[PDB]
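Visitor: Read the first sequence against the working numbering and you will find it ends at 64, with the numbers running on by one and no gaps. All C-beta atoms, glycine included, are put in the ideal place defined by N, C-alpha and C.
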Amino acid sequence: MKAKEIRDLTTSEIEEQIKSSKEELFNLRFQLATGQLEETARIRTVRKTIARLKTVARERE
RNA sequence: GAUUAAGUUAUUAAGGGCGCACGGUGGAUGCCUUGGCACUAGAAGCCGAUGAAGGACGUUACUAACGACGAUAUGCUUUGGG
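1) Give the range of the alpha helix (DSSP H) segment to which residue 24 is assigned.
2) Closest to residue 21 by CA distance: which of 61, 49, 35 is it?
3) Have a look at 31, 61, 51 and flag the residue whose alpha-carbon is nearest the alpha-carbon of residue 43.
4) Output yes or no for whether 8 Å exceeds the beta carbon distance between residue 54 and residue 16.
5) Give me, in chain order, the residues of the same chain whose beta-carbon lies closer than 6 Å to that of residue 46; leave out the 5 immediate sequence neighbours on both sides.
As structure tokens, this is what we get:
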């Protein structure tokens, strides 16, 4: 799953937070406009792995 | 079936009336319940400057409205049932 394969490192949270938010979900919503019904189930999963990366940083407060 | 007169009583149905048969529109009655109303027993009787009651605008792969949700948005973490 993803829920506790995270808790890996403090600094590598935001350096992966900016890696999936900025550089994956932005590519997967431009390609939805120009024509793609190939993987329209990746947009739910790379959005529900941002919520797991912005929940763990509250436990480190 | 006339040859002449005299005398009678009919048939018609453009359409209407009564009876019967067969059709349409119309949604009464019959049979049901998702919703109500009237009340007994146990809880319960407050939320709001740490920003309330109520809301507008948003959220799905494609979203017009209600539902539940808030840029972590048709859901996220954890402890238990299943």
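Guide: This is what the structure gives:
1) Counted from its first residue, the first sequence places residue 24 at position 21. That residue, residue 24, is in no alpha helix (DSSP H); it is neither H nor E in DSSP.
2) The residue labelled residue 21 in the question sits at position 18 within the first sequence. Among 61, 49, 35, the Cα nearest to that of residue 21 belongs to 49.
3) Position 40 of the first sequence, counting from 1, holds the residue named residue 43. For the residues 31, 61, 51, the minimum Cα distance to residue 43 belongs to 31.
4) Position 51 of the first sequence, counted from the first residue, corresponds to residue 54. Position 13 of the first sequence, counted from the first residue, corresponds to residue 16. No, Cβ-Cβ distance for residue 54 and residue 16 is not below 8 Å.
5) For this step, residue 46 is matched to residue 43 along the first sequence. Closer than 6 Å at the Cβ level, and outside the excluded window around residue 46, lie 31.
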